[PDB]
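Trainee: Just dropping in an experimental structure and the matching sequence.
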Amino acid sequence: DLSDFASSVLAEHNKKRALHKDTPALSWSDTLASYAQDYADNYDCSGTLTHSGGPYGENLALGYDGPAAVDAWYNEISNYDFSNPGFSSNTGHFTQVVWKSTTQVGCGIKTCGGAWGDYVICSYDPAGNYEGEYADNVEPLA
């Protein structure tokens, strides 16, 4: 059985994906979550967000618990132009949350407290945000 962290974060992803046409639900991966939590264990609580360079897709946040980070990522839909699909600096988290071809997610968390609060990383497989593939993987609202 999943931890409370895993079940709450998975539900928050799949509540949002179900808003979109032809977009399957994700399942949780212990492999992805071990990778994510290992990286969080090593965060320096400095306030900067640097990507891991790994083999999986990746969303990062600072200042939110797990489900609250998912909500912030998904709210980027407000900036996304469905008639000009593609990457942008303030829609790249949203397009990975709903990426049609992604099938599994796993996440980790570390409590920095102080000025920064919680660090959250979610890892995804297959990865989203491939150039030339947005129109086929980022579907409109049902």
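Mentor: That came through, no problem. Numbering: from 1, shown residues only.

Trainee: Strands of the protein, residue ranges please.
Mentor: 27-28, 57-62, 104-111, 118-125 (DSSP state E).

Trainee: Just checking the distance from the third one to the centre of its chain.
Mentor: Counting by C-alpha atoms, centre = their mean, to the nearest Å, strand 104-111 is centred 9 Å from the centre of its parent chain.

Trainee: Packing partners of it?
Mentor: helix 4-17, strand 27-28, helix 30-41, strand 118-125 (3 or more C-beta pairs under 8 Å, 6 or more residues apart in numbering; DSSP states H and E). All C-beta atoms are positioned from the backbone trio N, CA, C, and that covers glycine.

Trainee: hmm, 6 Å instead?
Mentor: helix 30-41, strand 118-125 (3 or more C-beta pairs under 6 Å, 6 or more residues apart in numbering; DSSP states H and E).

Trainee: Show me what that strand is in contact with.
Mentor: Here strand 104-111 makes contact (C-beta atoms under 6 Å, 6 or more residues apart in numbering) with 9, 26-27, 29, 32-33, 36-37, 40, 43, 66, 118-125.

Trainee: which parts of it are buried?
Mentor: Using 16 or more other C-beta atoms under 10 Å as the test for burial, strand 104-111 gives 104-109.

Trainee: ditto for stretch 26-42
Mentor: Buried, per 16+ other C-beta under 10 Å, within stretch 26-42: 26, 28-29, 32-33, 35-37, 39-40.

Trainee: got a markdown table for the residues you listed, with distance to residue 5 too?
Mentor: Listed next are the buried residues of stretch 26-42 as a markdown table, based on distance: C-beta to C-beta, whole Å:
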| residue | distance to residue 5 |
| --- | --- |
| 26 | 15 |
| 28 | 10 |
| 29 | 14 |
| 32 | 13 |
| 33 | 9 |
| 35 | 15 |
| 36 | 11 |
| 37 | 10 |
| 39 | 15 |
| 40 | 12 |
